[PDB]
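One chain follows as structure tokens, the form deposited in one PDB entry.
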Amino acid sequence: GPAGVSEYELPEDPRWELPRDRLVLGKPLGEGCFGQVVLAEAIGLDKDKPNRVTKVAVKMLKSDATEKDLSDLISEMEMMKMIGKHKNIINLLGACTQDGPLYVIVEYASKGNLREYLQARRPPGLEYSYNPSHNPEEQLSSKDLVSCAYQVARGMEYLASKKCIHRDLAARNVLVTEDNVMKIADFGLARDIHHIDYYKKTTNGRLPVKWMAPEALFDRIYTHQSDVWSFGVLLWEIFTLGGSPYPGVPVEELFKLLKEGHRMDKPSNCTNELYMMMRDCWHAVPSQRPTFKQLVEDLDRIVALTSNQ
């Protein structure tokens, strides 16, 4: 029965391949660029414990995907293998490349992306915009917030040590697990070979130009230093509990303003020290920004000294 055999040579890796009859597909987790992502229960994911079920996220390839799309999803899966596992990244768990459509299985983070996780925990009052959630959750302590930043910085320190550049580090690309662990998504994506549209929103309405370092805006240069710039924007997102960068600023104006030295103002509830860290990440000169190793050390100290009261 050649019915439904792929015309392509999809790479079977015995360490990672899972029979798809071990997956019980559940609710949707949203549209990715390559296709749906769906929650599933995987049976015997760990060969040590074959009778146990694990919740996982299954990245699928849409039926009308192109060959570039297929190649990009394979490239991300292979890059995840080379980068290796870390607590603060979305890890590869397995793949289904035989006997049906391509599935790439990655970790499930039940609380969803960090922007909406923080927005649902906004308290009332003057320091934050309103809470948009119809299921609002308990507010985080100051220490929790700095610990969110620390965990993302630790994940980025790991990725940079593996020579992985993220290129779109933003609160919407951080997921939060049931145990409130921060996990960076999309670090393994292959870079587009075509020029980008600065004015095209993501499927979730975001304008990624607002996280771009000026050398990426102006000259399309991305380094670990430009990821540190983005991390500064992510810091501002954290201390506004999910705010939208550059409020009121039209995107066509952003490079002119940045070039003239405009930077976002300090959020109302943010220490001078954390605002200085944000501003250091936004140094005009890439060589003068802190490294992720340095951000990790400083945030570790700040977490220790920040009240959870």
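Residues that one form lacks are left out of the comparison. Between two forms, the rigid core is the largest collection of C-alphas that superpose within 1.5 Å. In case it trips you up, residue 1 is the first one in the sequence shown, and so on.
There is another form of this protein, the form deposited in another entry, and it is not shown here; the text below is about that form.
Pick out the one residue among 206, 115, 183, 154 whose C-alpha shifts by 2 Å or more between this form and the one not shown, once the rigid core is superposed.
That would be 206.
Quick check: residue 32 between this form and the one not shown - does its CA shift reach 2 Å or more after fitting the rigid core?
Passes the 2 Å threshold, so yes.
Classify the change in Cα distance between residue 119 and residue 31 in the other entry as closer or farther, relative to the shown form (magnitude of 3 Å or more).
Distance between the C-alphas of residue 119 and residue 31: shorter in the other entry, by 3 Å or more.
Do the C-alpha atoms of residue 119 and residue 30 sit closer or farther apart in the other entry than they do here, given a shift of 3 Å or more?
Compared with this form, residue 119 and residue 30 lie closer in the other entry.
Taking only residues present in both forms and a 2 angstroms threshold on CA movement, what segments of three or more in a row shift between this form and the one not shown once the core is aligned?
7 to 11, 30 to 35, 202 to 206 are the stretches that shift between this form and the one not shown.
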